[PDB]
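Peer 1: okay, here's the opening piece of the assembly, coordinates as they are in the complex:
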Amino acid sequence: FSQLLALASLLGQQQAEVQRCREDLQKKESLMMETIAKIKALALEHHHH
Amino acid sequence: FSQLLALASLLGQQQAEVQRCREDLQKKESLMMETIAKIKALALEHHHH
């Protein structure tokens, strides 16, 4: 049908993949901080002996 | 006291600001998609007349 359909369908398909990578990223970023938090806790538990 | 304290305190202070910007960002990104979703819904509601 209209050219709108094609674009709006492409847009909906591309936003699905943007939101897909954005949640996978937020998972990878969350694990990064968890490791950073363990590092900081270890240097604290070490200075405190 | 030890140099660990200074670094581990700096680290904890810098991770606080990293996690601060990361949540503000996730708020700005979430609003972006909401606008994109409204755009796509409008081109669909238009082709469908």
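Peer 2: Nice, thanks for sending it over. Numbers count the residues shown, from 1 in each chain, chains lettered A, B, ... in the order given.
Peer 1: run through the residues of chain A sitting next to chain B.
Peer 2: A:1-2, A:4-5, A:7-8, A:11-12, A:15, A:18-19, A:22, A:26, A:29, A:33, A:36-37, A:39-40, A:43-44, A:46-47 (Cβ under 8 Å from any Cβ of the partner chain). C-beta here means a position set from N, CA and C on the backbone, and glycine is covered the same way.
Peer 1: among the residues you listed, which are in strands?
Peer 2: Within the residues of chain A next to chain B, no residue falls in strands by DSSP state E.
Peer 1: and residue A:8, how many neighbours?
Peer 2: 20 (other Cβ atoms under 10 Å in any protein chain shown).
Peer 1: my guess is it meets residue B:44, correct?
Peer 2: Yes - between residue A:8 and residue B:44 there is a contact at 5.2 Å, judged by Cβ atoms under 8 Å.
Peer 1: which of the residues in stretch A:7-23 are buried?
Peer 2: A:8, A:11, A:15, A:22 (16 or more other Cβ atoms under 10 Å in any protein chain shown).
Peer 1: chain C comes next; put it on the structure above:
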Amino acid sequence: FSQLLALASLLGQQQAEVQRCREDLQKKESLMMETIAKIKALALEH
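Peer 2: If we add chain C to the chains shown above, we get the following:
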């Protein structure tokens, strides 16, 4: 200090994985905006 040096090596790999996925997300957002430009250009002719 066995554990800290190990988490340091793991942290490097995750940061790279994050930087990689951050790069891909940029390319996908850029593709999405181009479709929105083609939508905007269409809406300007009405």
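Peer 1: in light of the added chain C, please revisit the buried residues of stretch A:7-23.
Peer 2: Applying 16+ other Cβ under 10 Å to stretch A:7-23 flags A:7-8, A:10-12, A:14-15, A:18-19, A:21-22 as buried.
Peer 1: can you check stretch A:35-49 too?
Peer 2: Buried-residue list, stretch A:35-49, by 16+ other Cβ under 10 Å: A:35-36, A:39-40, A:42-43.
Peer 1: so does that stretch get close to chain C?
Peer 2: Yes - counting by Cβ under 8 Å from any Cβ, chain C is contacted by stretch A:35-49 at A:35-36, A:38-39, A:42-43, A:46.
Peer 1: number of residues surrounding the closest residue to residue A:46 other than its chain neighbours?
Peer 2: Nearest non-adjacent residue to residue A:46, counting by Cβ to Cβ, 6 or more residues apart in numbering or on different chains: residue B:4, 6.1 Å away. Burial of residue B:4 is recorded as 16 neighbouring residues (other Cβ under 10 Å).
Peer 1: excluding chain neighbours, what is closest to residue A:26?
Peer 2: Nearest residue to residue A:26, sequence neighbours excluded (Cβ to Cβ, 6+ apart): residue B:26, at 7.0 Å.
Peer 1: now for chain D:
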Amino acid sequence: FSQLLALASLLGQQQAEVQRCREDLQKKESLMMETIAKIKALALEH
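Peer 2: Now chain D, sitting on the chains shown earlier:
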């Protein structure tokens, strides 16, 4: 098409705001890693 062109202009501003905040987050992560390097270097001497 009154509304769509308006959301298009708003979308541009938000994307810039997002790109700006994305840039700042990178500078802060880079500062955080440098402190972790100074921690790693210390842990290597033990």
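Peer 1: again for the buried residues of stretch A:35-49, chain D present now?
Peer 2: A:35-36, A:39-40, A:42-43, A:46.
Peer 1: so which of those reach chain D?
Peer 2: Restricting these to those near chain D - Cβ under 8 Å from any Cβ - leaves A:36, A:39, A:43.
Peer 1: got the contact list for the last one?
Peer 2: In this case it means residue A:43. Going by Cβ atoms under 8 Å, 6 or more residues apart in numbering or on different chains, residue A:43 touches B:4, B:7-8, B:11, C:4, D:39.
Peer 1: without its sequence neighbours, what residue ends up closest to it?
Peer 2: Spatial nearest neighbour of residue A:43, excluding adjacent residues (Cβ to Cβ, 6+ apart): residue B:8 at 4.1 Å.
Peer 1: so that neighbour makes contact with residue A:48?
Peer 2: No - assessed by Cβ under 8 Å, residue B:8 is found out of contact with residue A:48, at 10.2 Å.
Peer 1: what segments of chain A are helices?
Peer 2: A:3-47 (DSSP state H).
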